[PDB]
Amino acid sequence: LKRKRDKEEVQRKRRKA
Amino acid sequence: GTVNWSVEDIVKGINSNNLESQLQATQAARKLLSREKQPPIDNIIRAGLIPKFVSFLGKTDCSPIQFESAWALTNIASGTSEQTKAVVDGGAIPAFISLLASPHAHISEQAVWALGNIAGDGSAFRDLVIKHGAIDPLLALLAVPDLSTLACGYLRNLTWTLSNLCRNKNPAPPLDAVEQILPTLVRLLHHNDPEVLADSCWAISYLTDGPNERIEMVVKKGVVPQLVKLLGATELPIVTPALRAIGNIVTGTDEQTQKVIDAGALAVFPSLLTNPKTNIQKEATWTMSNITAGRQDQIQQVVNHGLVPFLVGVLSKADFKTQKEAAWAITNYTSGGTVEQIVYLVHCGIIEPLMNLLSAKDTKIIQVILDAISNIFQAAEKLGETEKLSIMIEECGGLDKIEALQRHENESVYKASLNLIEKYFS
């Protein structure tokens with residue numbers, strides 16, 4: 001029964017400040 | 001000097017036939033694109049500057065304009081998918097890959113970052129970066145005897161970019177790319193920098209989010225002990241991906257799950273199941289539900305580590321989504337557990353908080369709880385103590401809740417409640 005699934009506020013892409 | 005130029009002035013300088021004028025205009029664009037508030041990405045794109053910036057990536061005799069244009073393009077590529085696509089559409093990917101070998105570390109690093117933003121857009125661009133050959137030169141940057149000799153920021157960017165090459169599904173990254181990256185990734189997972197550890201853990205979490213064969217590729221590299229060590233870290237940005245990875249791994253086979261148990265993961269769950277961060281508690285309870293879906297000896301190790309009282313606690317008080325995971329953990333436990341394990345669950349106080357959750361306006365959890373109740377009744381029936389459980393459920397007000405479920409708007413809910421009140425409460 002197994003159940004599967006630098007500017008801040010950023011994970012996918014990062015803007016360089 | 002180059003602060004707060006207009007896009008029109010940038011265009012004028014980039015359209016000069018003067019490499020130094022182009023350099024100052026590219027720096028001015030970089031500064032616009034690096035400001036904290038509302039960088040004018042779309043204005044820079046609409047001005048037609050991406051093709052020029054991409055050509056500047058190739059000007060080996062002017063490393064400053066390579067750097068400035070790499071940075072400008074990195075920040076364009078940090079935007080929406082349309083904005084990243086504009087950078088890719090300009091030919092940036094191969095130009096950035098060629099800059100990975102630049103003798104100037106700041107330029108190679110900027111190219112690493114840019115490729116991470118492109119790869120981070122999603123599976124297609126990730127795979128396109130891979131097809132253009134980015135993995136070999138990226139890993140060559142990390143082919144050093146001791147990672148500690150690399151600049152901290154360089155290593156963090158390399159790790160974050162590699163993590164994006166591991167990220168996203170439909171499709172997952174190419175198997176050969178994963179296999180090529182993994183040995184370096186495991187080396188980063190043992191590095192002492194918290195940001196490198198966090199992004200390495202995220203990368204591992206992405207690689208283990210998938211079929212059991214992808215999980216196996218990772219587990220075969222021996223990372224589970226290190227994941228369990230990181231699971232006990234003080235830095236939440238490390239615990240979170242480490243827990244996600246452990247949680248993913250226990251969605252796999254019983255053998256993969258056993259590797260997590262043998263590494264000592266269960267000893268960390270008293271803290272994880274009481275962690276003040278809701279998401280940690282939820283993910284930990286989700287991980288527990290997948291462990292209690294394992295073998296009876298695995299359920300037994302959950303018992304031996306004293307985690308059933310922690311599941312009772314979560315069920316008694318937690319964010320509702322965590323409580324829903326806990327309800328699932330109990331149903332899995334009671335479906336796969338021995339009668340002795342199931343009675344132990346009752347002695348730990350599961351009944352009252354389980355019954356209290358039947359008063360929730362959520363149909364999925366109701367069915368899960370009714371299944372658990374049935375499993376416990378079947379265990380009591382095997383012992384002849386069915387009546388004692390009935391009394392307990394009635395004393396805690398549970399009988400009333402099941403009786404009300406008879407008049408629910410779901411067939412399985414009504415049928416389940418009716419079957420219980422007829423098979424055990426008649």
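Going from the start of the chain as shown, residues are counted 1 onward.
Per the header: X-ray crystallography, 2.1 Å.
Just so you know, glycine gets a Cβ as well, placed from its N, Cα and C.
As given in Swiss-Prot:
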REGION    B:71-167  region 'NLS binding site (major)'
REGION    B:244-332  region 'NLS binding site (minor)'
REPEAT    B:41-80  repeat 'ARM 2'
REPEAT    B:81-122  repeat 'ARM 3'
REPEAT    B:129-173  repeat 'ARM 4'
REPEAT    B:175-211  repeat 'ARM 5'
REPEAT    B:212-251  repeat 'ARM 6'
REPEAT    B:254-293  repeat 'ARM 7'
REPEAT    B:296-338  repeat 'ARM 8'
REPEAT    B:339-385  repeat 'ARM 9'
REPEAT    B:386-425  repeat 'ARM 10'
**Q.** Positions on the same chain near the repeat 'ARM 5' (B:175-211), where near means CB under 8 A and six or more residues out
**A.** 130, 135-136, 139, 142-143, 147-148, 152, 155-156, 159-160, 162-163, 165-169, 217-218, 221-223, 226-227, 230, 233, 235, 237-238, 240-242, 244-245, 248-249, 252
Q. For the repeat 'ARM 2' (B:41-80), DSSP counts of helix, strand and coil?
A. 28 helix, 0 strand, 12 coil
(Q) Give the nonlocal contacts of the repeat 'ARM 8' (B:296-338) in its own chain as ranges (CB under 8 Å, at least six residues past its ends). (A) 254, 257-258, 261, 266-267, 269-270, 273-274, 278, 281-282, 285-286, 288-290, 344-345, 348-350, 352-354, 356-357, 360, 362, 364-365, 368-369, 371-372, 375-376, 379
